[PDB]
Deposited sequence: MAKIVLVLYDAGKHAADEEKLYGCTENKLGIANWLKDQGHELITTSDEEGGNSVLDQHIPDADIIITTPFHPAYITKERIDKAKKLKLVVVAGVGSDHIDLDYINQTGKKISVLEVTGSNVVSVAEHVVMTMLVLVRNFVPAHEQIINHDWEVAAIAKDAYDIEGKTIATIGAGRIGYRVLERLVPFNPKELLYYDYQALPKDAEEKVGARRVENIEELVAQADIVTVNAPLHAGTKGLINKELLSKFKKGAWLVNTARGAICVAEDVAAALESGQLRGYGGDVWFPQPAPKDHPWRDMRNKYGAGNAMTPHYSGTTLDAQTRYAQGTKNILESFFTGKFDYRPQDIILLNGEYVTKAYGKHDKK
């Protein structure tokens, strides 16, 4: 097989380290093309490996030109950059696989981290120290405990549920969720969560809201002026799902107005964020309430180790012709959903 790897020492998901699989592949007798050129090699690539952290767009055109293409692998989780409906439509026997579950703990941790950072007002506290100041009242006047807060998640899938699990020992007043399906009843009692049936009702009673839902027509621009006006005044909002779920200027406006006390997360639209993106400079009235990071929560070194191993497991299932894939990793199995 000819394999095209698109990226950008426990680092793996960069074009210098090659998922740590460069030798794993050559000593199996394969040719590895690693790039950050790709269009040169698509006509004869049997396999294309991508990363959601520097996504190569597997467009309609590229699919067309890929006459040998049998397999696209996402070394991580997220297929937004692959034209899956087109592959499906073509009738071509192209499998698309991802390392389902490899990102979830990492992002769930990031969410809880961000909540604590916003709630406890960590950002301006640390900024005082490094700027050689000390004024405790300036920090404490907007520092709260996460204990006693009502916390709501929009989406209770793999990431959202793991968020709830990590919140349980923090003694929130209550954990709430909105989703398109019920959590299995045992799973629900294990975190003490209560399902709320509509989004407006959910956000109205929440001190902290976290967005853990797929981007689709239903969630695109979901967090807009109108919805934000139904949040508790002074709520904290975290989003590590997708940038496009929020209306960027609407969020910034709600933070400046005090509708939100804080906003944080590591997802942006457009991404990578323009130098001028409103979420870089937005602050609450106290000059804080911003816990934005670049999109990295799922590229910790521990995550990368899981992506590397998972990519090998997928490749081995393909090379052997066993196709003994994990049901959960399959996005398309020979063009089929």
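Missing from the model, relative to the deposited sequence, are the stretches 1, 10 to 18, 47 to 53, 355 to 365.
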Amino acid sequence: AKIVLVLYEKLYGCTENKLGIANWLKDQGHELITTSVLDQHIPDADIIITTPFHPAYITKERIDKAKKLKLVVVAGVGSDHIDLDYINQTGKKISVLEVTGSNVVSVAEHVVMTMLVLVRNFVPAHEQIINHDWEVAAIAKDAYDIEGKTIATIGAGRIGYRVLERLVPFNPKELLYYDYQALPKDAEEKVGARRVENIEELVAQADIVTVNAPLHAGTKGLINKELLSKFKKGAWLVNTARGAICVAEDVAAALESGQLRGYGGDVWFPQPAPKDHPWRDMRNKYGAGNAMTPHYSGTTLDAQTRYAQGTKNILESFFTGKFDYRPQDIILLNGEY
From here on, numbers count along this sequence of modelled residues.
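For the two regions 114 to 122 and 190 to 198, the entry's Cα B-factors average higher over 190 to 198. Just going by the entry, 264 to 272 versus 48 to 56 on mean CA temperature factor gives the higher value to 48 to 56. Residue-level inspection of the entry shows that, of 311, 293, 35, 284, 35 has the top Cα B-factor. When the C-alpha B-factors of 133, 98, 207, 165 are read from the PDB record, the largest value belongs to 133.
In the PDB entry, residue 43 places in the highest third of its chain by CA B-factor. Ranked by Cα temperature factor within the chain, residue 170 sits in the lowest third according to the deposited record.
In this PDB entry, residue 148 carries a Cα temperature factor that places it within the lowest third of its chain's modelled residues. For residue 183, the recorded CA B-factor ranks within the highest third of the chain. Only modelled residues enter the ranking. For residue 240, the recorded CA B-factor ranks within the lowest third of the chain. Only modelled residues enter the ranking.
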